[PDB]
Amino acid sequence: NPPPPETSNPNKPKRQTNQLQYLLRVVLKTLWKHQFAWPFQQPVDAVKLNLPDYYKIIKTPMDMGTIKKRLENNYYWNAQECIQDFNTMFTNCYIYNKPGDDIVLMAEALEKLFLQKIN
Ligand SMILES: COc1ccc(NC(=O)c2ccc(NC3=C(C)C(=O)CC3)c(Cl)c2)cc1
């Protein structure tokens, strides 16, 4: 497995904005507490899950645990930067998995809620 994505970086300027605070306290929190959140709460462990090809296919991994920690650490400059992480997480799931698989249907339901919350 690759190292998980960074959640802080001393060279990367930090920032707080109203939108980023909304992303943490409304958007992320509602997705995090949803029953379908669990496969998305930690970086994919391709070794433990016997998914040897996961990081062969997925070169920009992302998960809500990393997003949560980024938000809490003020890692992002702006909301768009965080939005991009969410979108990467969902697109990865759709690229890697079969349509029809539970995990895809779960991600689709989270993404629907996400889009409702950031409209
Ligand atoms: C304490 O016991 C346990 C604690 C945690 C787990 N976790 C899992 O089974 C698990 C299952 C699916 C996951 N996500 C995946 C995504 C987003 C993919 O696209 C493929 C798999 C993740 Cl990251 C973890 C098991 C036992």
# chains A, B, ... in the order shown; residues from 1 in each chain; ligands from 1
$ residues_around --residues "residue 104 in chain A" --least-positions-apart "4" --cutoff "10 Å" --atoms "only C-alpha atoms" --output "ChimeraX atom specification"
/A:90-91,93-100,108-110
$ write_last_selection --atoms "N, CA and C atoms" --output "tab-separated table (two decimals), in the first residue's frame"
chain	number	residue	atom	x	y	z
A	90	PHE	N	-15.37	10.09	-4.96
A	90	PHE	CA	-16.46	9.41	-5.62
A	90	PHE	C	-16.04	8.83	-6.99
A	91	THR	N	-15.33	9.62	-7.77
A	91	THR	CA	-14.89	9.16	-9.13
A	91	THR	C	-14.01	7.90	-8.98
A	93	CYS	N	-14.14	5.59	-6.74
A	93	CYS	CA	-15.01	4.43	-6.45
A	93	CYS	C	-15.65	3.93	-7.76
A	94	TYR	N	-16.13	4.85	-8.58
A	94	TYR	CA	-16.78	4.46	-9.83
A	94	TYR	C	-15.79	3.87	-10.83
A	95	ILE	N	-14.57	4.35	-10.85
A	95	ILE	CA	-13.57	3.81	-11.77
A	95	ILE	C	-13.21	2.38	-11.34
A	96	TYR	N	-12.91	2.19	-10.05
A	96	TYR	CA	-12.40	0.94	-9.60
A	96	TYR	C	-13.44	-0.22	-9.59
A	97	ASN	N	-14.68	0.10	-9.16
A	97	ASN	CA	-15.69	-0.90	-8.91
A	97	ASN	C	-16.64	-1.10	-10.12
A	98	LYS	N	-17.41	-2.16	-10.04
A	98	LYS	CA	-18.45	-2.48	-11.03
A	98	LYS	C	-19.73	-1.72	-10.74
A	99	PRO	N	-20.45	-1.22	-11.78
A	99	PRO	CA	-21.71	-0.55	-11.46
A	99	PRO	C	-22.58	-1.67	-10.88
A	100	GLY	N	-23.39	-1.39	-9.98
A	100	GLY	CA	-24.16	-2.60	-9.54
A	100	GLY	C	-23.61	-3.03	-8.21
A	108	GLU	N	-23.03	6.51	-4.69
A	108	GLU	CA	-23.97	7.34	-5.45
A	108	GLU	C	-24.96	8.10	-4.50
A	109	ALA	N	-25.44	7.38	-3.45
A	109	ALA	CA	-26.31	7.98	-2.46
A	109	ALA	C	-25.60	9.10	-1.65
A	110	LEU	N	-24.34	8.87	-1.29
A	110	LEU	CA	-23.55	9.91	-0.60
A	110	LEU	C	-23.35	11.10	-1.55
$ residues_near_ligand --ligand "ligand 1" --cutoff "7 Å" --atoms "only C-alpha atoms and all ligand atoms" --output "list in words"
residues 39, 40, 41, 42, 43, 44, 45, 49, 92, 93, 96, 97 and 103 of chain A
$ residues_around --residues "range 16-28 of chain A" --least-positions-apart "5" --cutoff "8 Å" --atoms "only C-alpha atoms" --output "PyMOL selection string"
chain A and resi 64+68+71-72+74+76-79+82+114+117-118
$ atom_distance --atom1 "CA of residue 60 in chain A" --atom2 "CA of residue 88 in chain A"
7.4 Å
$ closest_residue --among "A:37, A:101, A:55, A:75" --to "residue 15 in chain A" --atoms "only C-alpha atoms"
A:75
$ residues_around --residues "residue 67 in chain A" --least-positions-apart "6" --cutoff "8 Å" --atoms "only C-alpha atoms" --output "PDB file with C-alpha atoms, in the first residue's frame"
ATOM      1  CA  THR A   7      -3.244  15.882   6.145  1.00  0.00           C
ATOM      2  CA  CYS A  82     -11.970  20.501  -0.640  1.00  0.00           C
ATOM      3  CA  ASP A  85     -11.243  15.916  -2.885  1.00  0.00           C
ATOM      4  CA  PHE A  86     -14.845  14.759  -2.463  1.00  0.00           C
TER       5      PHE A  86
END
$ closest_residue --among "A:30, A:48, A:5, A:53" --to "residue 65 in chain A" --atoms "only C-alpha atoms"
A:5
$ select_by_dssp --residues "range 68-100 of chain A" --states "helix (DSSP H, G or I)" --output "JSON, numbers by chain"
{"A": [68, 69, 70, 71, 72, 79, 80, 81, 82, 83, 84, 85, 86, 87, 88, 89, 90, 91, 92, 93, 94, 95, 96]}
$ decode --residues "range 60-89 of chain A" --atoms "N, CA and C atoms" --output "mmCIF file, in the first residue's frame"
data_model
loop_
_atom_site.group_PDB
_atom_site.id
_atom_site.type_symbol
_atom_site.label_atom_id
_atom_site.label_comp_id
_atom_site.auth_asym_id
_atom_site.auth_seq_id
_atom_site.Cartn_x
_atom_site.Cartn_y
_atom_site.Cartn_z
ATOM 1 N N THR A 60 -4.770 8.813 -7.625
ATOM 2 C CA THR A 60 -5.054 9.955 -6.752
ATOM 3 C C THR A 60 -6.086 9.522 -5.693
ATOM 4 N N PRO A 61 -5.643 8.624 -4.796
ATOM 5 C CA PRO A 61 -6.652 8.134 -3.751
ATOM 6 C C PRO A 61 -7.164 9.296 -2.891
ATOM 7 N N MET A 62 -8.395 9.142 -2.384
ATOM 8 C CA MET A 62 -8.901 10.118 -1.452
ATOM 9 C C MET A 62 -10.041 9.421 -0.666
ATOM 10 N N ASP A 63 -10.222 9.893 0.547
ATOM 11 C CA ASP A 63 -11.220 9.343 1.495
ATOM 12 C C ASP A 63 -11.673 10.412 2.431
ATOM 13 N N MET A 64 -12.829 10.219 3.080
ATOM 14 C CA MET A 64 -13.370 11.206 3.974
ATOM 15 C C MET A 64 -12.591 11.378 5.264
ATOM 16 N N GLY A 65 -11.893 10.343 5.716
ATOM 17 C CA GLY A 65 -11.026 10.539 6.858
ATOM 18 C C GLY A 65 -9.919 11.570 6.646
ATOM 19 N N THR A 66 -9.313 11.454 5.450
ATOM 20 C CA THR A 66 -8.315 12.463 5.040
ATOM 21 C C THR A 66 -8.939 13.840 4.883
ATOM 22 N N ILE A 67 -10.123 13.895 4.272
ATOM 23 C CA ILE A 67 -10.789 15.192 4.068
ATOM 24 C C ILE A 67 -11.093 15.828 5.457
ATOM 25 N N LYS A 68 -11.649 15.001 6.378
ATOM 26 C CA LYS A 68 -11.979 15.475 7.732
ATOM 27 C C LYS A 68 -10.759 16.095 8.391
ATOM 28 N N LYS A 69 -9.656 15.335 8.389
ATOM 29 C CA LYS A 69 -8.426 15.780 9.018
ATOM 30 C C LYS A 69 -7.902 17.062 8.332
ATOM 31 N N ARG A 70 -7.950 17.091 6.995
ATOM 32 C CA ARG A 70 -7.550 18.346 6.265
ATOM 33 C C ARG A 70 -8.343 19.547 6.745
ATOM 34 N N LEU A 71 -9.675 19.361 6.777
ATOM 35 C CA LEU A 71 -10.504 20.426 7.251
ATOM 36 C C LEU A 71 -10.168 20.866 8.660
ATOM 37 N N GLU A 72 -10.058 19.897 9.551
ATOM 38 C CA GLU A 72 -9.768 20.228 10.924
ATOM 39 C C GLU A 72 -8.379 20.930 11.097
ATOM 40 N N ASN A 73 -7.441 20.616 10.214
ATOM 41 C CA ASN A 73 -6.098 21.183 10.251
ATOM 42 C C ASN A 73 -6.017 22.447 9.415
ATOM 43 N N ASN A 74 -7.083 22.935 8.820
ATOM 44 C CA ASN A 74 -6.972 24.149 8.006
ATOM 45 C C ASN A 74 -6.071 23.965 6.782
ATOM 46 N N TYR A 75 -6.002 22.747 6.288
ATOM 47 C CA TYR A 75 -5.037 22.374 5.200
ATOM 48 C C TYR A 75 -5.367 23.053 3.870
ATOM 49 N N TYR A 76 -6.641 23.294 3.605
ATOM 50 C CA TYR A 76 -7.106 23.850 2.303
ATOM 51 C C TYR A 76 -6.997 25.354 2.268
ATOM 52 N N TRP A 77 -6.791 25.880 1.054
ATOM 53 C CA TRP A 77 -6.873 27.282 0.863
ATOM 54 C C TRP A 77 -8.295 27.809 0.682
ATOM 55 N N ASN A 78 -9.119 26.992 -0.037
ATOM 56 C CA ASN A 78 -10.479 27.380 -0.316
ATOM 57 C C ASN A 78 -11.396 26.189 -0.482
ATOM 58 N N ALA A 79 -12.676 26.499 -0.528
ATOM 59 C CA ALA A 79 -13.676 25.439 -0.606
ATOM 60 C C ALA A 79 -13.573 24.533 -1.828
ATOM 61 N N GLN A 80 -13.276 25.149 -2.968
ATOM 62 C CA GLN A 80 -13.115 24.381 -4.196
ATOM 63 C C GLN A 80 -12.069 23.246 -4.054
ATOM 64 N N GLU A 81 -11.010 23.526 -3.343
ATOM 65 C CA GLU A 81 -9.969 22.573 -3.132
ATOM 66 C C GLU A 81 -10.485 21.310 -2.381
ATOM 67 N N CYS A 82 -11.327 21.608 -1.399
ATOM 68 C CA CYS A 82 -11.970 20.501 -0.640
ATOM 69 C C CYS A 82 -13.015 19.754 -1.456
ATOM 70 N N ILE A 83 -13.830 20.519 -2.184
ATOM 71 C CA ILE A 83 -14.821 19.933 -3.105
ATOM 72 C C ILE A 83 -14.157 18.964 -4.087
ATOM 73 N N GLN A 84 -12.987 19.385 -4.584
ATOM 74 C CA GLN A 84 -12.280 18.496 -5.487
ATOM 75 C C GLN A 84 -11.911 17.140 -4.878
ATOM 76 N N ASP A 85 -11.539 17.183 -3.599
ATOM 77 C CA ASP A 85 -11.243 15.916 -2.885
ATOM 78 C C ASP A 85 -12.485 15.003 -2.828
ATOM 79 N N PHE A 86 -13.623 15.581 -2.453
ATOM 80 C CA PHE A 86 -14.845 14.759 -2.463
ATOM 81 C C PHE A 86 -15.076 14.131 -3.819
ATOM 82 N N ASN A 87 -14.957 14.988 -4.870
ATOM 83 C CA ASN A 87 -15.234 14.475 -6.153
ATOM 84 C C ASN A 87 -14.264 13.377 -6.579
ATOM 85 N N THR A 88 -12.965 13.554 -6.249
ATOM 86 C CA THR A 88 -12.004 12.491 -6.493
ATOM 87 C C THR A 88 -12.362 11.180 -5.796
ATOM 88 N N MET A 89 -12.812 11.284 -4.511
ATOM 89 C CA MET A 89 -13.216 10.082 -3.807
ATOM 90 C C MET A 89 -14.350 9.344 -4.516
#
